[PDB]
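Here's the letter readout for the chains.
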Amino acid sequence: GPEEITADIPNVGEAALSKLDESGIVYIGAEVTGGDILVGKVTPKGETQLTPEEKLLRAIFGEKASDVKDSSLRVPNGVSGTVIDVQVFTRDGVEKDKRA
Amino acid sequence: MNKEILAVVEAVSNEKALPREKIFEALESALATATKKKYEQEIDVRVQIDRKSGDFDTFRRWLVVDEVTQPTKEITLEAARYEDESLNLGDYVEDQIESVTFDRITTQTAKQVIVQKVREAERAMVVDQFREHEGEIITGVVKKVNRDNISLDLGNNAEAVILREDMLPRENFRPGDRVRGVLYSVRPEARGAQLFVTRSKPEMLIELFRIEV
Amino acid sequence: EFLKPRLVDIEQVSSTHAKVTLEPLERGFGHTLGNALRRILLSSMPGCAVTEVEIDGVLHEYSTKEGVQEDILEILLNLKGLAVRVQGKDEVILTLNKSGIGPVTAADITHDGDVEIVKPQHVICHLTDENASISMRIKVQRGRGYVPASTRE
Amino acid sequence: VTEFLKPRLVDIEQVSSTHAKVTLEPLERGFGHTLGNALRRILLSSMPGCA
Amino acid sequence: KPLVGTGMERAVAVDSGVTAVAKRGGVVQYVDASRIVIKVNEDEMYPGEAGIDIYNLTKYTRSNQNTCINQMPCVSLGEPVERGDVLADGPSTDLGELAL
Amino acid sequence: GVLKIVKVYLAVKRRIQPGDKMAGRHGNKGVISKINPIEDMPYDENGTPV
Amino acid sequence: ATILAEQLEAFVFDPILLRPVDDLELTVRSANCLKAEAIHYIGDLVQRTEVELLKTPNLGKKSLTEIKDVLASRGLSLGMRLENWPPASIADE
């Protein structure tokens, strides 16, 4: 399937997602550090392995296989800054989210 | 009432004799843990265990007291006057509910927390198993060699730790050898019951001669 | 039995700078106390400069506000050069409100009961329309030396 | 705002009794030179004595 | 500015394209950090298309070498300007000169 | 095969530090080697540090 | 050092409780429930016990949740009692 830009992201908590809005893209003006998250993007999972406890969540969340792994695309560091301008371009046909 | 949990209850290869219902609560809070971070506190292990339901909705509690400690679980009789004094002193009367923590996502972290809860249950089961015997003249085989400690592997997936202070000075043991002694640790140890044997005590060779003659 | 220095004359020849005078001194102590007190006065003296600014309709410091011919960055430099005395506090919050065509001088700050501006002719920015107004909060605190933004919102 | 770092002399590593090597730490940034220069000019220029 | 220049700074500043050179001279009407409005003098002015010019300056945006190509307005309000004259200084300019 | 492109502009403010390269207009290059305090500078008989 | 020193001898109360209930982190209706008894500072709210606050219908269902939520921070509603306003550190100076 396609990817997700929304902020419902695995493996992260409040301390990362406090600097994002309700739709993944960082605010205009949020002074970030080296290695925070600017755009939240989730799809990296490929295919690893599972176990008996991994198959226990099969029929309890409507997830046939429930992927196999998850890690919201988080960025690097070495540079500080202040986000001054955000552009969002949308290929036509795709649903515009609330920030677009 | 999808009845998935009903048949998921009766798997029941390894948790038949183990507390089934407690494992559902375990797995349910594990589905609720994983990616929660907002709310007010965390979740709630306590949940109305409705066997029929299967997916017991994590319910909260209010715990009637006469004190002001544990703020989200505090009632008094003056606050029970709004309920027409129906509440008595000391009850755990639940007056709130909770939900779940999601999707695609949060459920291999829920798989991960489901595994965590299963592991905790397994630790409790191992503690009960070691309490069944409570120290006996059992043998074992060394597998790992730690600093001033010897790891032993028994049967039924059981491991025992041999202290170097309860061992002989010159007599040094290694992996592949089989030693036998009397354990004296099955109660409070560390995340369960670390089988601590003592192959140097007198009672150790009390049945050793009895095994021969 | 060394002669001891005593302050004799404080010639306040202008409003900014003065000429204090020490007398008498045995020979050799002139350059010693001179270099020593010069290096202490330049090194570490308690000043009263500014730390935080919150302009009202401004998100980040690189933006522009509708109706003021300087950027928000230039307003921050002009507020960085603000010469202000505080009397009985650690930190203090000054409030600025100004509306109308013309400059926003440093005397347009609503002064508290102890803060005292020492140069009220200091320009900050220039408002340039009939209904276009800035309204900011300024944070002024004590300190010592040079504390940049990268060390310490 | 007035309370600096105040030092104490950490060792007096001395050779024979009319020679020494006295250290001082920690001093605030830029004060090593002003105390070295003050003590140097006072010792080297104006001490009481007889010859 | 350069204290010791060669007088060649104004040719390099004006004859490049980083400053906002006035097209028709006149009287400034509205200065702002975003825009500059020139009212065109009557002895320079078309009969039709009544005409007061608007210069939309280029605020903080990315150059190719990751510098900050800014334009700052350097004229006051009510100020006369002549044809062929700087209105907004660019990056590394000052009053129409070239300050590297 | 792309849904949407998000571009974000960070705006770093780089000051000066030991290691930058400054140079005049005649070929006198140089790595700035130590950012001294104000007091250590050679001053003249007016008071101004260089 | 003695010479250089002799050449220089001619030169040389709980705060959130006293803070207003309107200063609380929650929404203003939580403080307004206390303000129904004209109580604006959290110290006066502490002067009565929380059960005594529960004996008034000016407190609602979400207001009790707000009460526990504010009192969880160990600043207010711990069943306090003063003479009128001031303890020892609330002294006149």
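Residues numbered from 1 in each chain as written, not as in the entry; some residues may be left out. Chains lettered and ligands numbered in written order. Part of a larger assembly, values for the part shown. Heavy atoms only, no water. Residues with missing side-chain atoms left out of burial classes, pairs and counts.

Per the deposited record, determination of this structure is attributed to cryo-EM, with the resolution reported as 3.2 Å.

Undergrad: Looking at this structure, I do not really get the sheet that holds strand β1 (residues 4-10) of chain F. What am I missing?
TA: The strands that make up a sheet are held in pairs by hydrogen bonds between backbone atoms, and each pair lies either parallel or antiparallel. Strand order in the open sheet formed by 3 strands is β1(A)-β2(A)-β1(F), with antiparallel pairing between adjacent strands. Looking at the sheet topology across the chains shown, the edges are occupied by β1 (31-32) of chain A together with β1 of chain F. Of the pairings in the sheet, the one linking strand β2 (residues 81-90) of chain A to β1 of chain F comprises 7 bridges and is antiparallel in character. If you follow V83 of chain A over to β1 of chain F, its bridge partner there is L10 of chain F. (Pairing = 2+ DSSP bridges. Helix = DSSP H or I, 4+ residues; strand = E, 2+ residues; numbered from the N terminus.)

Undergrad: I would appreciate a short explanation of the pattern of salt bridges in the present structure.
TA: Close approach of charged atoms allows side chains with opposite charge to pair. Per the counting criterion, the structure on display carries 25 salt bridges over all chains. Of the charged contacts, one joins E3 of chain A and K41 of chain A as a salt bridge, the two residues approaching to 3.5 Å between their closest N and O atoms. Remark: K41 of chain A occurs in the loop between β1 and β2 and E3 of chain A occurs in the segment before α1 (14-17); sequence separation between them is 38 residues. Ionic pairing is found between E94 of chain B and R46 of chain B, a salt bridge with its closest N-O pair at 3.1 Å. Taken as a pair, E94 of chain B in the loop between α2 (20-33) and α3 (106-133) and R46 of chain B in the loop between α2 and α3 lie far apart in primary sequence, 48 residues in all. Judged by its relative accessible area of 22%, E94 of chain B falls in the partly exposed class. Connected through salt bridges with shared partners, the residues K45 and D67 of chain A together with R104 of chain B form a single ionic network. (Salt bridge = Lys/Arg side-chain N within 4 Å of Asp/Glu carboxyl O. Buried < 20%, exposed > 50% of the residue type's maximum accessible area, 1.4 Å probe, protein only.)

Undergrad: Teacher, can you tell me more about the packing of α2 of chain B against α3 of chain B here?
TA: Helices that pack against each other are described as a pair by the angle of their axes relative to one another and the distance between those axes. Residue and element names in this part refer to chain B. Axis separation between α2 and α3 bottoms out at 8 Å; the angle between their running directions is 145 degrees. The element α2 and its partner α3 pack so that their crossing is right-handed. Of the residues in α3, those in contact with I23, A26, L27, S29, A30, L31 and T33 of α2 are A110, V113, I114, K117, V118 and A121. Of the residues assigned to the contact of α2 with α3, the class counts are 10 nonpolar, 2 polar and 1 charged. (Axes fitted to C-alpha atoms, helices over the stretch in contact; angles between N-to-C directions. Left-handed = near helix turned anticlockwise from the far one by under 90°. Contact = heavy atoms within 4.5 Å. Nonpolar A, V, L, I, M, F, W, Y, C, P; charged D, E, K, R; others polar.)

Undergrad: Just checking my understanding: could you explain the pairing of strand β1 (residues 137-146) of chain B for this structure?
TA: Remark: a regular strand shows side chains that alternate across the two faces of the sheet. All names here are of chain B. In this structure, β1 lies alongside strand β4 (residues 178-183), joined through 5 bridges in antiparallel fashion. Paired with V141 across the bridge in β4 is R178. Bridge count between β1 and strand β2 (residues 149-153): 5 bridges; the pairing is antiparallel. Bridged to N146 within β2 is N149. Hairpin connection between β1 and β2: a loop of 2 residues separates the two successive antiparallel strands, and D148 in this loop has a positive phi of roughly 55 degrees.

Undergrad: Is there a simple way to think about the interface of chain F and chain C in this case?
TA: Interface size is often expressed as the accessible area that is lost when the parts come together. Across the boundary between the two partners, chain F contributes 8 residues, which contact 8 residues of chain C. Buried surface at the junction of chain F and chain C, summed over both partners, amounts to about 800 Å²; 45% is from carbon and sulfur atoms. Together, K13, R15 and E39 of chain F form the three largest contributors to the area buried by chain F at its contact with chain C, with a combined 59%. The closest approach of N and O atoms between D40 of chain F and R39 of chain C, which form a salt bridge, is 2.6 Å. Along the lines of polarity and charge, the residues of the side of chain F that touches chain C split into 4 nonpolar, no polar and 4 charged. (Buried area = accessible area lost by both parts, 1.4 Å probe.)

Undergrad: Would you explain the interface of chain B and chain A in this entry?
TA: On the chain A side, the residues contacting the 23 residues of chain B number 21 residues. Between chain B and chain A, roughly 2100 Å² of surface is buried when both sides are summed, and carbon and sulfur atoms account for 62% of that area. Contact with chain A buries surface across chain B, with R104, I105 and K111 of chain B losing the most and accounting together for 29% of the total. Applying the counting rule to chain B against chain A returns 2 salt bridges. When the shortest N-O distance is used, the salt bridge between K111 of chain B and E54 of chain A registers 3.8 Å.

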